[PDB]
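S.K.: Starting from these lines, generate the structure:
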Amino acid sequence: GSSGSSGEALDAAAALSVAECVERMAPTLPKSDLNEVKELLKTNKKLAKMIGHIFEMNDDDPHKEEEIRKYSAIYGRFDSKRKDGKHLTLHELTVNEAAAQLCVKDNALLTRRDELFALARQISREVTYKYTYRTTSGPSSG
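M.R.: Residues are numbered from 1 along each chain as shown. Shown next is the protein structure:
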């Protein structure tokens with residue numbers, strides 16, 4: 001059952017744009033009713049077993065990020081098999097973390113695929129828009 005995971009996806013500079021953008025939208029973004037979704041879990045089963053334990057769990061738990069980061073997948077996968085590798089190229093790599101970071105602050109987003117699918121794409125295109133710094137306090141000779 002598995003052995004060695006992959007390396008790195010995004011860059012150190014690219015990841016910053018995702019964490020800085022997700023943290024800037026959080027404040028303006030509204031919160032989700034945790035008490036409401038709670039009762040929904042006891043009523044359902046697939047949702048309770050899928051990402052229900054995460055709702056009941058705490059916030060300051062290393063296991064939480066491990067459960068969300070793993071579940072937070074729209075393009076990439078969570079298992080390397082065969083000699084294949086056609087899933088992530090560059091854009092999808094950003095959409096993964098772009099949404100994984102949102103699921104953290106918004107545990108409810110885990111259920112909303114359409115919403116999270118539109119949010120991740122927002123940051124995914126933003127990072128691709130710009131790249132590296134051109135000038136700084138004027139010209140740049142070198």
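S.K.: What helices and strands are in contact with the helix or strand encompassing residue 101?
M.R.: Residue 101 belongs to helix 91-105 when assigned by DSSP states H and E. In this structure, helix 91-105 packs against helix 12-28, helix 62-71, helix 113-129, with contacts taken as 3 or more CB pairs under 8 Å, 6 or more residues apart in numbering; DSSP states H and E. For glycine as for every other residue, the C-beta is placed from the backbone atoms N, C-alpha and C.
S.K.: Just name the most buried of those helices.
M.R.: Comparing the helices and strands packed on helix 91-105 by mean neighbour count (mean count of other CB atoms under 10 Å), helix 113-129 comes out on top with a mean of 16.
S.K.: which residues touch it?
M.R.: Defining contact as CB atoms under 8 Å, 6 or more residues apart in numbering, one finds that helix 113-129 is touched by 14, 17-18, 21-22, 25, 74, 91, 94-96, 98-99, 102-103, 109-110.
S.K.: okay but residue 9 is in contact with residue 97, surely?
M.R.: Yes: between residue 9 and residue 97 there is a contact under CB atoms under 8 Å: 7.2 Å.
S.K.: which of the two has more neighbours?
M.R.: residue 97 (22 against 15; other CB atoms under 10 Å).
S.K.: With adjacent residues omitted, what lies nearest to the more buried one?
M.R.: Ranked by CB to CB, 6 or more residues apart in numbering and with sequence neighbours excluded, the top spatial neighbour of residue 97 is residue 18, at 5.5 Å.
S.K.: before we move on, what about residue 79?
M.R.: Residue 79 sits nearest to residue 2 (CB to CB, 6+ apart), 6.8 Å away.
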